[PDB]
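[1] Here's my sequence, what's the structure:
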Amino acid sequence: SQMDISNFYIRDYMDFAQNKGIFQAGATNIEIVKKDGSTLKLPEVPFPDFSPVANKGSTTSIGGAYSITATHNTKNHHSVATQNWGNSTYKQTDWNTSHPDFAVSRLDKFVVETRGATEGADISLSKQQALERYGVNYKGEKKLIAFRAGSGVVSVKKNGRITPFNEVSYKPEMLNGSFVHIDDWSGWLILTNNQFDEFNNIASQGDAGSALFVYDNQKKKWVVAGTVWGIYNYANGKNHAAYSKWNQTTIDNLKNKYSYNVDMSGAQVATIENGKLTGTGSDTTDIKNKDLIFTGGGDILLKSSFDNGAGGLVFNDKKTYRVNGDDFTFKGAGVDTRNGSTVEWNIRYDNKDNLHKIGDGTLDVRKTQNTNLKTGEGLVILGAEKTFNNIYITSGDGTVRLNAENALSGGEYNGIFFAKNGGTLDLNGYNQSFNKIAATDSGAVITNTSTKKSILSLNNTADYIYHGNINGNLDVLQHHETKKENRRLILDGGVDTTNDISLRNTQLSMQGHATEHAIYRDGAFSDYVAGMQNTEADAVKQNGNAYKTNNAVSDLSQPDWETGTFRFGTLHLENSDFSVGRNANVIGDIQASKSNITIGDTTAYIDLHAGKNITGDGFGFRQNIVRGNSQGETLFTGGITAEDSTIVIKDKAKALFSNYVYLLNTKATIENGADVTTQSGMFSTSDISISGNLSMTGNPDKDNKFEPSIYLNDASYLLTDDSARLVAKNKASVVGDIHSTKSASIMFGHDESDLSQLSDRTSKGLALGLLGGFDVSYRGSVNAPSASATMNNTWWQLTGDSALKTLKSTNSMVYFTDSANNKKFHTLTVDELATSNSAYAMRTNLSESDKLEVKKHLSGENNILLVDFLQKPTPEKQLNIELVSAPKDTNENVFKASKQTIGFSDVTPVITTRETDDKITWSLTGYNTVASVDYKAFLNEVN
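    Residues are numbered from 1 along each chain as shown. Coordinates below:
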């Protein structure tokens, strides 16, 4: 544990050993960011799972009740005589040692926290064979590189200067490691160079016994090469850690010595009474301190209580067994169900001791135990009411299935505690109510594999973060009778169902998870955490990253978060607050009533005990929520139906409304930097305020085309910022007035070059109906005198007096028309109009008309003026109705009279051009007679 912190952080070496930060088990292409900003690529291997390494580092699990270490630590060493993994304590019963310094320990219980490093390296391989079998690519070469972790006395080295932390040895929190080069493989001891390159961490006193791991090509599996014997220092600063090789036979002899085979092939019933095993092919009068290894299937009968000492119960074939015995009890190392064995457990485990379950098989518990389970592997069926008082699930490999009504216990957690990497609780058709789920990370899964639906109620009484997952066939419910402050439910793990979540009088946040890192000391305080912090105050000062050395598992200001994917059918909101914070990917529909929805909440939540929530012996839960500003990108995708609600989409948030949005008396706001795309239609009764980006498009089908979509606002689109952007394109029919005090942008239609096609789903009748042959229909007035509008391939049904700063119309029709109760003529007022290949269709009753007024600049070629004659003109009256008004220098050919009729008139307009001293104008000064509408067809006249 002598760490060169010249170009790396102390926490990097800790994260490495502890599978925290970037060093997740199995991860490839890991890059350590140096203090100088550049990157160090790890060797090309799936990163090792270091869970076999004991809390103190000097001992390592090799599976079951066995661990390996260094003989010269001694039988009595505090890290050998007692050995810990997670919240569990294990006592050494004895050990077997082989020269030079290799020790294998027999423990008193089956270790549930880890499968262990079950296999060793083949030390009989030659140099070259070993390089081929165990070599890994590093800086473009195959090298015999090994990985390891330990917690010998800590010191740090910066550019030569060593700073020791003499008290700091065997500190679980300080577990640290490195990848190292094996300089000597075939020699008497394996010799590793821990400073062969850059990530340099030399072994120090207390690292003795810690394991060396190498990666097997063929087995695709990390295996143990040896245990730390000692350390050599040579002239000119060279250094090796020396390793006592894995000795398979020392292991096998100890294992066999602590095993006793019981052959029940055909031999009816195994009976155990006061330490005597009868009725089998392997009868004896003890049988104590030995794993009983059962084969052949069948019944085990206790005629007395059975304390097997350090020995456990092992089942070693894919057969079924039954353990019966009055009200007698078992005590020992636990139950190891191997090779798919099924054990129907119909006795009680000792009431003052924890049952340890490992093995890939099944423990089917048929009666109430009145004691605790610790499980790490395979299946446990809870077949009785209150099967266990408490359950501790660790490592990720274990599953607990409810198979009875009322199967869990009471209290805040229902007696379920998910420790490191958790495991799966299968509700299996039964409903459960938790006040809180005591889970420490995202490895905790609550699910339901039954075809019968189950309901998971969460009733947390104060603020609380659930780190786990909710999967499978379950609905989620959080209902309170009154809405109170200070009991928010925060999900920062995940949800993955096709079912519903129901919220009533409550507050819910969905959120990503701040990645957990190693810390120096768990708890407050002379002070080594302060000293270590001061060693890197220079680096922190330079890189502005105080979170990195603050002795906190995570921090609101850190950049590394894990996305929370929340997939569900419908989220039902009744008088509730729903928030999506940073780094979420929410995928589902929302139905909201009297509710507040916030997408892009700047408040995020972190748990200062994340990853270390499970306390004591495994059956307590701690959590310390910190909250504050922490912005980051986030996503919602789906539909929303909202009544009497408010919706806010905030900065960095992207909302893809891929289903219908229905806003009934709901206040909707899209803020600066927020991005909303709606593609499956909308209805709104109230104003939508847009300071960011609202894009309204048709529905993209499977074949690169668009089904028309309708955007119906009975109120107004309010553009509330200079930076606002309202976009409609790709087969969208929009209805509703636009108002803006600001210099926002409006963009209707696809880009001139970039055409889009109709879905084969859509009949041509419907298409003409909603779009008039154009890409976009817009119906409403626009009063945004400072705003810019761009319209291409657009049908503007202009239904009221309108005002823009600048307007550009290419291949569009501005169609002046009426509504329910207008029936008045309208005026389009613009500072600058650039118009080409477009049509303007004005109505007239032969004295007034719709009118276009361009105040400052009118440019563009090839536009027609259509006139809807609402009354049949006669040859008597002198017509002289101003249709368009523009500045003097405008070219008269910008507009021409159409030779087509529009409306119910058989009459074509005659338009004449005039120059007053300040404005040129187009006036209707005559007419000509000709003896679901496709309005795009009109534009043929102007190509």
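
[2] Return the distance of the closest residue to residue 564 other than its chain neighbours relative to residue 633.
    In this structure, residue 564 finds its nearest non-sequential neighbour in residue 512, 4.5 Å apart by Cβ to Cβ, 6 or more residues apart in numbering. In this view, the C-beta of every residue, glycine as well, is placed from N, C-alpha and C. Separation of residue 512 from residue 633 (Cβ to Cβ, to the nearest Å): 10 Å.

[3] thought residue 189 was touching residue 231?
    No: the criterion here is Cβ atoms under 8 Å, and residue 189 misses it with residue 231 at 11.1 Å.

[4] End to end on stretch 498-509, go ahead and measure it.
    Chord length of stretch 498-509, first to last residue, is 19 Å (Cα to Cα, to the nearest Å).

[5] Give me the buried positions along it.
    Buried positions in stretch 498-509, judged by neighbour count with 16 or more other Cβ atoms under 10 Å: 499, 500, 501, 502, 503, 504, 506, 507, 508, 509.

[6] ok so, going back, compare residue 512 and residue 633 (neighbour count), which wins?
    Between residue 512 and residue 633, residue 512 has the larger neighbour count (other Cβ atoms under 10 Å), namely 24 against 16.

[7] what are the bridge partners for residue 653, then?
    Counting by DSSP bridges, residue 653 is bridged to residue 634.

[8] isn't it right up against residue 637?
    No: if you go by Cβ under 8 Å, residue 653 and residue 637 don't touch, sitting 11.6 Å apart.

[9] Between the two, which has more neighbouring residues?
    Between residue 653 and residue 637, residue 653 has the larger neighbour count (other Cβ under 10 Å), namely 28 against 17.

[10] Next up, the contacts around the more buried one.
    Shown in contact with residue 653 (Cβ atoms under 8 Å, 6 or more residues apart in numbering): 580, 599, 600, 633, 634, 635, 636, 674, 675.

[11] Tell me the one among those nearest to residue 748.
    Using Cβ to Cβ, residue 675 is the member of the contacts of residue 653 that lies nearest residue 748, at 18.3 Å.

[12] Mind listing the residues bridging to that closest one?
    Per DSSP bridges, the residues bridged to residue 675 are residue 654, residue 693.

[13] Would you map out the domains in this structure?
    Domain assignment of the chain by curated CATH domains yields the ranges 1-258+513-562, 259-512+563-943.

[14] ok so, going back, compare the contacts of residue 653 and tell me which has the most neighbours.
    Neighbour counts for those (other Cβ under 10 Å) peak at residue 600, which has 29 neighbours.

[15] my read: that residue touches residue 635, true?
    No: with contact defined as Cβ under 8 Å, residue 600 does not count as touching residue 635 (9.7 Å).

[16] and for residue 512 and residue 633, which residues touch both?
    582, 583.

[17] all helices of this protein, in order?
    Using DSSP state H, the helices of the chain run over 10-18, 78-81, 127-134, 248-257, 528-535, 537-543, 764-771.

[18] Help me confirm that residue 469 comes into contact with residue 492.
    No: in this structure, residue 469 is not within contact of residue 492 by Cβ under 8 Å, at 10.7 Å.

[19] Looking at these two, which one has more neighbours?
    Between residue 469 and residue 492, residue 492 has the larger neighbour count (other Cβ under 10 Å), namely 27 against 24.

[20] Would you mind confirming that the more buried one makes contact with residue 468?
    No: taking contacts as Cβ under 8 Å, residue 492 lies outside contact range of residue 468: 9.5 Å.

[21] for residue 743, what are its contacts?
    Contacts for residue 743 (Cβ under 8 Å, 6+ apart) come out as 722, 786, 787, 788, 805.

[22] Need the buried ones from those selected in PyMOL.
    Of these, the buried ones go into a single PyMOL selection, burial set by 16+ other Cβ under 10 Å:
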select buried, resi 786+787+788+805
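
[23] Just name the closest of the contacts of residue 743 to residue 302, please.
    Of all the contacts of residue 743, residue 722 has the smallest distance to residue 302: 81.6 Å, by Cβ to Cβ.

[24] quick one: contacts for that closest one?
    Residues near residue 722 by Cβ under 8 Å, 6+ apart: 742, 743, 744.

[25] Against residue 858, how distant is the second one?
    Summarising the geometry, the distance separating residue 743 from residue 858, computed by Cβ to Cβ, is 21 Å.

[26] go on, the first one?
    For residue 742, the distance to residue 858 (Cβ to Cβ) stands at 24 Å.

[27] picking up where we left off before, so which of the helices of the chain comes closest to residue 481?
    Smallest distance to residue 481 across those (Cβ to Cβ): 43.7 Å, for helix 10-18.

[28] And the contacts of that closest one?
    Contact partners of helix 10-18, identified using Cβ under 8 Å, 6+ apart, comprise 3, 20-23, 32, 50, 53, 57, 149-151, 156, 173-178, 199, 201, 517-518, 520, 532, 535-536, 548-549.

[29] Throw the contacts of residue 722 into JSON lines and include distance to residue 134, thanks.
    Shown next, in JSON lines, are the contacts of residue 722 (distance: Cβ to Cβ, whole Å):
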{"residue": "742", "distance to residue 134": "66"}
{"residue": "743", "distance to residue 134": "66"}
{"residue": "744", "distance to residue 134": "64"}
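
[30] Tell me the one among these nearest to residue 274.
    Taking Cβ to Cβ as the measure, residue 744 is the one of these closest to residue 274, at 88.7 Å.

[31] residues contacting that closest one?
    By Cβ under 8 Å, 6+ apart, the residues touching residue 744 are 690, 719, 721, 722, 723, 724, 725, 726, 784, 787, 788.
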